[PDB]
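In the block that follows, a single chain appears as C-alpha cells, in the form deposited in one PDB entry.
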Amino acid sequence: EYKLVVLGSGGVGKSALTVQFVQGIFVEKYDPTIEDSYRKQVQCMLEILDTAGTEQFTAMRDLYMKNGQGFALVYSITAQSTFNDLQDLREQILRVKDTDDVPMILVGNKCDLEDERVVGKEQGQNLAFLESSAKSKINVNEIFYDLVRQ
C-alpha cells in the first residue's frame, strides 16, 4: 500500500497525467467514482491522490499532504506563472505532516509543444527533474516510478 500526491496549479495537466498513468485516456472509459479509480499495481500498489478540480479548497490538498508519502510538483512549460507557484506548495508539505525531508519530484508537463514554450529546461534543474507530456505519453510512468524508489 502506497499513497502518492499530484500538486500544481490549474490547467497544468495533473488530471491528464493521473488518468494516463492509472488506465489511459481513450483506450478505456474512465470512471472516477469507483474504488479502484486511482489505484494501480506496478511489485506494489499505488493510490494517486490528485488535487485537480479541488485547488480552490485548500483543505483538500492538506488532507492529501497529510496522507501523502510521495509528491509531484507539476508545472506547464507553456505557463510562466505556474512555475512561480511551486515554491509555496513545496513549503506547505513540510508543515502539514511536520517533517524535515520528504520524497518528491519536480515535473515539467506539456513538453510536446515547443511553439508555445515560454519556460526552458534549465530553471527546474536547480530546484529530480522530468520534462513529461501527458497527451504525448512522454515520461508519464517515470514520474511515479521515482517516488516509490525514494
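Each form is matched to the other, and the largest set of C-alpha atoms that superpose within 1.5 Å is called the rigid core. In this text, residue numbers run from 1 along the sequence as written.
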At least a third of the other compared entries lacking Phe57? yes
Unmodelled stretch from the deposited sequence between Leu94 and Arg95, which bin: none, 1 to 3, 4 to 9, 10 or more? none
Per the entry, how many deposited residues between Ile25 and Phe26 lack coordinates? The answer is none
Per the entry, higher mean C-alpha B factor between 78 to 86 and 30 to 38: 78 to 86
Looking at the entry, does 113 to 121 or 63 to 71 show the higher mean C-alpha B-factor? 113 to 121
Say you rank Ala52, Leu106, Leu49, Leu46 by Cα B-factor from the PDB entry; which sits at the top? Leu106
Chain-relative C-alpha B factor for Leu127 (record values, thirds): the highest
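Just so it is clear, the following notes concern the form deposited in another entry, a form of the same protein that is not shown.
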Once everything's superposed on the core, is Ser37 shifted 2 Å or more at the Cα between this form and the one not shown? yes
On a rigid core superposition, would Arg95 pass a 2 Å threshold for CA movement between this form and the one not shown? yes
Core superposition between this form and the one not shown, C-alpha change of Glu28 at least 2 Å: yes
How does the C-alpha distance between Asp31 and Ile48 change in that other deposited form compared with the present structure, closer or farther, given a change of 3 angstroms or more? farther
Your call: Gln20 and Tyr30 CA atoms, closer or farther in that other deposited form versus the shown structure, by 3 Å or more? farther
